[PDB]
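Reviewing the structure listed below.
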Amino acid sequence: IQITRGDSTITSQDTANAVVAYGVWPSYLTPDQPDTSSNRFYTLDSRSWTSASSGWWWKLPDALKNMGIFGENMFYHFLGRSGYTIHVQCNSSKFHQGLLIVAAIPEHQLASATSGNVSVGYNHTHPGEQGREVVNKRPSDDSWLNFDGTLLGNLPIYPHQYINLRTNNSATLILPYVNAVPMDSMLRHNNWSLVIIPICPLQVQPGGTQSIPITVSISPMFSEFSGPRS
Amino acid sequence: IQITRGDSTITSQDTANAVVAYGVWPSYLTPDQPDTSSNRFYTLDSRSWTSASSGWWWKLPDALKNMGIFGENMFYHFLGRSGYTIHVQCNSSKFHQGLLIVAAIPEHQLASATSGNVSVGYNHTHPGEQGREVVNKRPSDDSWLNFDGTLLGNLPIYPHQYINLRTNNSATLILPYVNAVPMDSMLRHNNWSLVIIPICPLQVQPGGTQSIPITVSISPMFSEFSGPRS
Amino acid sequence: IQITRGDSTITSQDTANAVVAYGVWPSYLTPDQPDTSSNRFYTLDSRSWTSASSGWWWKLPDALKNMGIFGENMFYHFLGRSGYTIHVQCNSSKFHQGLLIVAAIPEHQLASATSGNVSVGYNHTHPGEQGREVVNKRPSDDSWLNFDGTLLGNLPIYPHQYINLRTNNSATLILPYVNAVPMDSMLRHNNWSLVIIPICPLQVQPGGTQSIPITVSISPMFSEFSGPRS
Amino acid sequence: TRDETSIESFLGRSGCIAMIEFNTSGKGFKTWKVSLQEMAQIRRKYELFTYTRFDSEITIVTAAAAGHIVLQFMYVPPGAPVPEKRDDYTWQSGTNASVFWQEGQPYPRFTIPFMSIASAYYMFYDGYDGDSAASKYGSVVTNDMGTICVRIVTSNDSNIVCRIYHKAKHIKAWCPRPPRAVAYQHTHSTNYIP
Amino acid sequence: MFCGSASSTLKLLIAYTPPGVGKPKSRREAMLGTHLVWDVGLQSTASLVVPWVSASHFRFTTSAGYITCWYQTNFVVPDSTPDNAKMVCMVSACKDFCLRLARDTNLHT
Numbered sequence: 014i015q016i017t018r019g020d021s022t023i024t025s026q027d028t029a030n031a032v033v034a035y036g037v038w039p040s041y042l043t044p045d055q056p057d058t059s060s061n062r063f064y065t066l067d068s069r070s071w072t073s074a075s076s077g078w079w080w081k082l083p084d085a086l087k088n089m090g091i092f093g094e095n096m097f098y099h100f101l102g103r104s105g106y107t108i109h110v111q112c113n114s115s116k117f118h119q120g121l122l123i124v125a126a127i128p129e130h131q132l133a134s135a136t137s138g139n140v141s142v143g144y145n146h147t148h149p150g151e152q153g154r155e156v157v165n166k167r168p169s170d171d172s173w174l175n176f177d178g179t180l181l182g183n184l185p186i187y188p189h190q191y192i193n194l195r196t197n198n199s200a201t202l203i204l205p206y207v208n209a210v211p212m213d214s215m216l217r218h219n220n221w222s223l224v225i226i227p228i229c230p231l232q233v234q235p236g237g238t239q240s241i242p243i244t245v246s247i248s249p250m251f252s253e254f255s256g257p258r259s
Numbered sequence: 014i015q016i017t018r019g020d021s022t023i024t025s026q027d028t029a030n031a032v033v034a035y036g037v038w039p040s041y042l043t044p045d055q056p057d058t059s060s061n062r063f064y065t066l067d068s069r070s071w072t073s074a075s076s077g078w079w080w081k082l083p084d085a086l087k088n089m090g091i092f093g094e095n096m097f098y099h100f101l102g103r104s105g106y107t108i109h110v111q112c113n114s115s116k117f118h119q120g121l122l123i124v125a126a127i128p129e130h131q132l133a134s135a136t137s138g139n140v141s142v143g144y145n146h147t148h149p150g151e152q153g154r155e156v157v165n166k167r168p169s170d171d172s173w174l175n176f177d178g179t180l181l182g183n184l185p186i187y188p189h190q191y192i193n194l195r196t197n198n199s200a201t202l203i204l205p206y207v208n209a210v211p212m213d214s215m216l217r218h219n220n221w222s223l224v225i226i227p228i229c230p231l232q233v234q235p236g237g238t239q240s241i242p243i244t245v246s247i248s249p250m251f252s253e254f255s256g257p258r259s
Numbered sequence: 014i015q016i017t018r019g020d021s022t023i024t025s026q027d028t029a030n031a032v033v034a035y036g037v038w039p040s041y042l043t044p045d055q056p057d058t059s060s061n062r063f064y065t066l067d068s069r070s071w072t073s074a075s076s077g078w079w080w081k082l083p084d085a086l087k088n089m090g091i092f093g094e095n096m097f098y099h100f101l102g103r104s105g106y107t108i109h110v111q112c113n114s115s116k117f118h119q120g121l122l123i124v125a126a127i128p129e130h131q132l133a134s135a136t137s138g139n140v141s142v143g144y145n146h147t148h149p150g151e152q153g154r155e156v157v165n166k167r168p169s170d171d172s173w174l175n176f177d178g179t180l181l182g183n184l185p186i187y188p189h190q191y192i193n194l195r196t197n198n199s200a201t202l203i204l205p206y207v208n209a210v211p212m213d214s215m216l217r218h219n220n221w222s223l224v225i226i227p228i229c230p231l232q233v234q235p236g237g238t239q240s241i242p243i244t245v246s247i248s249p250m251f252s253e254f255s256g257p258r259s
Numbered sequence: 064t065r066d067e068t069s070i071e072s073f074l075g076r077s078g079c080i081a082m083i084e085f086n087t088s098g099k100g101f102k103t104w105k106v107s108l109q110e111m112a113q114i115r116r117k118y119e120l121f122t123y124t125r126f127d128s129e130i131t132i133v134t135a136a137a138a144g145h146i147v148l149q150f151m152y153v154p155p156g157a158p159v160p161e162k163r164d165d166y167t168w169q170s171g172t173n174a175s176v177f178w179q180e181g182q183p184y185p186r187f188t189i190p191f192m193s194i195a196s197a198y199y200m201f202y203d204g205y206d207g208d209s210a211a212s213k214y215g216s217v218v219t220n221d222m223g224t225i226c227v228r229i230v231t232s233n237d238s239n240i241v242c243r244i245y246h247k248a249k250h251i252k253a254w255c256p257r258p259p260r261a262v263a264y265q266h267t268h269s270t271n272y273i274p
Numbered sequence: 118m119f120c121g122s123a124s125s126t127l128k129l130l131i132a133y134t135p136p137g138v139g140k141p142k143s144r145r146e147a148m149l150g151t152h153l154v155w156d157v158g159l160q161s162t163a164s165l166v167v168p169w170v171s172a173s174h175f176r177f178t179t185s186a187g188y189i190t191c192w193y194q195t196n197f198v199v200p201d202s203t204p205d206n207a208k209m210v211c212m213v214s215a216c217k218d219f220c221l222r223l224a225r226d227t228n229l230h231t
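Order-wise, the sequence lines are chains B, B', B'', A and C. A prime marks a further copy of an entry chain.
According to the deposited numbering, the stretch in the first sequence is residues 14 to 45, 55 to 157, 165 to 259, in order.
According to the deposited numbering, the stretch in the second sequence is residues 14 to 45, 55 to 157, 165 to 259, in order.
According to the deposited numbering, the stretch in the third sequence is residues 14 to 45, 55 to 157, 165 to 259, in order.
According to the deposited numbering, the stretch in the fourth sequence is residues 64 to 88, 98 to 138, 144 to 233, 237 to 274, in order.
According to the deposited numbering, the stretch in the fifth sequence is residues 118 to 179, 185 to 231, in order.
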């Protein structure tokens, strides 16, 4: 079927099978709002999944900082807040096989690739719409350690879905705003990280397409901002 | 008293004494809309009125093309439409004297300063927020010929008010959208020209302030646009 | 499912999705009839669609002149009249691809393959059940000019359906009798031409079947004749 | 049944989170910035969660070796000035909480409220103190919990050890996380490489 | 209409750019405008209705904007399948369409 938000439209039949993170639907802040001009789907450049791929990650709201009205609102206001719909699609033949976990991690504070007390640098933790494709202030490459010193088999404790290429070509995550303050700096701090990791690596025989596209579409939901400036 | 529109505020007691051009209040287009984020007062740089001044003019919407949300909407849409509130204030002592006519002219197609069939050039007819202060494709300097070959004494046939410095320091014009099409190119065509001409030149004795400021504040009203682009 | 007419039976699930030409169902002539012995499906020899194919055409009633009771009725009566059901089936794998337009053209008066005022000859315009497979009195080969000096992109103005091999393997056209007289010579004049043209040429990889069969089944509908002779 | 797996049971057990030691003969005072990150066994349990909120009950077990010694234990709340000297003005401030304790008396106890300007403590924080290449990253940016300060009040050769027992109370925890699979290297950091 | 095999899959981004905005230079710029991400594997047909957008109620028959198409993904197939396909584009009026002031001219000789 067809999903439309703002002037953006995407096609997928799986949309009713979304995982709502922690069972909480996104919402506007309670008494104790730009709507659909902000809340479009922004579709990122598709990743090439291959038998060699270690996985990918993006940080939110950072991946949207260049994206239209929402990206401008992150610079033109002091504080902000939003949920997200993340839709991940992965088109393949009946003859391809592979398993992704698609997970959203709140406060995904990255470990460095180094032994000291040295922090991960701002340039590395804010990769923008391109994300990081996994291969002295650079982050960990250990997707099997969740880039943070925790095992990949335990990653399902976070809001997640599997993409198993024989069963389903897509996953949908609905993320509420998660923070210990009502609103925060959209540029200094990321509420969520989208993590996509191949559990079972891609296999296909020669003469099949050796790269399959992973397409990520992100819509802000119930976005709110305060301290407007020109 | 205080007048507030959007995040803009101006002070004047005269606001109820506005001239509504042709008796028609501005309105949204009938079935045969960004509101207050667009419809602010934009206050231009004040003109220096002196005993030597020949008058000033601005073209609308051209004078607002650089002005915030309304100026952006003129580039980010193919067609547009608006009325205006024009508020002109002219602060002076009890010892200054002078008479302005403040007039709004629909389709003020300028004559050139030259004898041929040569048109006035686009650079000259689109002066922006600075307007033209009156001194081969340049417009007429003859304010006494309304820059168009018609007498200044007959200028009151247009929507107008006088500023007589002994009586009133301000004028307000409310302009509906006036065109032979419902909506038009905001960048190729000007619906209105604001014209300010001293009928009686400024006089004040030495030791008084020899320049008095004319402050022009323009608010779009019932602004509408179509053919949006990013 | 199964479709049966007279002693003839054909199998296809798509039969409810037929295009009725001009929205008019075939019918017997109004006051201002051999039934099912005439009104069988006659299945023609299947065409070989290949990557080289330019298209095919048949003329009606001419393609049925040798076909059983209906073909005999065209010789044994002076005047006749009928509608048609045309069912076109095109069996293929999931690994073949291609697009046919199947169209019925009323009064498809062919252009010649030559520059003079010379008419197309009777032998060429009456090809019978074999039709013409497109490559001085011979007709045009220009399927892109509809064999009549009109563009193929505009062929959808006629009663038509697409066969897109990924979506549907069949098309059905229901044709009423179309003429400016109630009944006419079935041998001198053709009411309809069936035209099948590949818009997107057949593609399949080597080791797949390089020719796919197009099977045309035509049933007369509401056939009527007058001036019977032995 | 299953109250022993409640968050109050799992996170709310008293443990020695710090080990203040100092000598006397400036000098005769010590300070410790309060955090749960010092001891790996405590830290691992709190880091099963993304956010936690609790009041905390401090009990200070003191041993000393050369009349009875008198100590001042002072809680300095987040953003207040910490002592620089044994008889600085900060020890007299009525805005700090002090407990005076004398040797052989029952051990001093007090509850600090949840002090943070945010509604919970960040066990993890995917953000910065600022824009710079020198800016701190992670749960060191947020979560000033205050400082515990100790001085001898008595006039004079002695060694003092204070075990700071901490119990979290009225505990709430949010957004569960995978357990730490590899050794802790440094406080507040997620770094793991030897 | 996509005319690749039943085993062929691909995403295309179909974008409409309003008059005066200027044709997109990239898939990202097209995605920031009015667009459909069309999965041709799931849906063999897509449609776009461009409504009337000009200052006058009519315009002369001698801009209205651009439709542009972009790859969102590479072309995906299993073995023994064509690694290319064809797409067909179509146009028609909606029920609101109107023509005015008839003229005859040499646009056909």
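Every residue gets a Cβ at the ideal spot worked out from N, C-alpha and C, and that includes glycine.
Contact of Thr-24(B) with chain C by beta-carbon distance below 7 Å involves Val-154, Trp-155, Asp-156, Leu-159, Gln-160. Under the DSSP assignment, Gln-119(B) falls in the beta strand (DSSP E) whose first and last residues are 119-128. In the DSSP assignment, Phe-92(B) falls within the alpha helix (DSSP H) that extends over 90-97. With respect to the C-alpha of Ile-225(B), the residue from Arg-154(B), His-146(B), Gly-256(B) having the closest C-alpha is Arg-154(B). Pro-235(B') is outside the set of residues whose beta carbon lies under 8 Å from a beta carbon in chain C.
Neighbours of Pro-211(B') in chain C, taken as residues at a C-beta separation under 9 Å, are given in chain order as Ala-172, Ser-173, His-174. Annotation for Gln-179(A): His-145, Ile-146, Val-147, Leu-148 place their beta carbon closer than 8 Å to its own, counting only its chain and skipping 5 residues before and after.
In this structure the region 181-201 of chain B' does not touch the region 93-103 of chain B'; the number of beta carbon pairs closer than 8 Å is below three. Distance between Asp-177(B) and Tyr-214(A), taken at the CA atoms: about 13 Å. For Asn-30(B''), the secondary structure class from DSSP, reduced to helix, strand or coil, is helix.
Residues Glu-151, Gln-152 of the same chain have their beta carbon placed closer than 8 Å to that of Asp-67(B'), with the five preceding and five following residues left out of the count. For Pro-256(A), the closest alpha carbon among the candidates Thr-172(A), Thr-122(A), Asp-203(A) is that of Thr-122(A). Listed along chain C is no residue with a C-beta nearer than 8 Å to that of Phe-251(B'); the closest approach is about 17 Å. For the options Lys-116(B''), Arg-62(B''), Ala-29(B''), the alpha carbon positioned closest to that of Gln-232(B'') is the one of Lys-116(B''). From the listed residues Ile-70(A), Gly-181(A), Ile-273(A), the smallest Cα separation to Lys-249(A) is found for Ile-70(A). Under the Cβ criterion (8 Å, minimum of three pairs), the region 193-213 of chain C counts as touching the region 236-248 of chain B.
Flagged as an interface residue toward chain B: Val-199(C), by a C-beta distance shorter than 8 Å. The residues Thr-58, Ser-59, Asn-61, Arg-62, in chain order, have a CB closer than 7 Å to that of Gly-19(B) in the same chain once the five nearest residues on each side in sequence are set aside.
Ranked by Cα distance from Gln-131(B''), the options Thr-179(B''), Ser-114(B''), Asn-113(B'') are led by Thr-179(B''). Under the Cβ criterion (8 Å, minimum of three pairs), the region 169-179 of chain A does not count as touching the region 201-219 of chain A. Identification of residues in the region 134-153 of chain C having a C-beta nearer than 7 Å to some C-beta of chain B' yields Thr-134, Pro-135, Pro-136, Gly-137, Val-138, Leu-149, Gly-150, given in sequence order.
If you look at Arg-258(B'), you'll find it isn't in any beta strand (DSSP E); DSSP assigns it neither H nor E. Straight-line spacing of the CA atoms in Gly-187(C) and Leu-149(C) works out to 16 Å. With contact defined as three or more Cβ pairs closer than 8 Å, the region 86-97 of chain B'' and the region 169-176 of chain B'' are not in contact. For a cut-off of 8 Å, the C-beta gap from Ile-228(B') to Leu-82(B') is around 22 Å, too long to register as a contact. Of the candidates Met-222(A), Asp-206(A), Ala-136(A), the residue whose Cα lies closest to the Cα of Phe-126(A) is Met-222(A).
Between the alpha carbons of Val-262(A) and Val-217(A) lies a distance of about 20 Å.
Counting along the chain, the unbroken alpha helix (DSSP H) around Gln-113(A) starts and ends at 112-118. Contact with chain C is found for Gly-90(B), since one of that chain's Cβ atoms lies less than 8 Å from the residue's Cβ.
One thing to note: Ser-199(B') has its Cβ no nearer than 8 Å to the Cβ of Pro-56(B').
Here the region 211-220 of chain B' makes contact with the region 160-176 of chain C; the two share three or more CB pairs at distances below 8 Å. DSSP places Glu-129(A) inside the beta strand (DSSP E), whose first and last residues are 121-137. Those residues of the region 187-219 of chain C placed with their C-beta closer than 7 Å to a C-beta in chain B'' are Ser-202, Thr-203, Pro-204, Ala-207, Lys-208, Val-210, ordered along the chain. With at least 16 other beta carbons inside 10 angstroms of its own, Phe-119(C) counts as buried.
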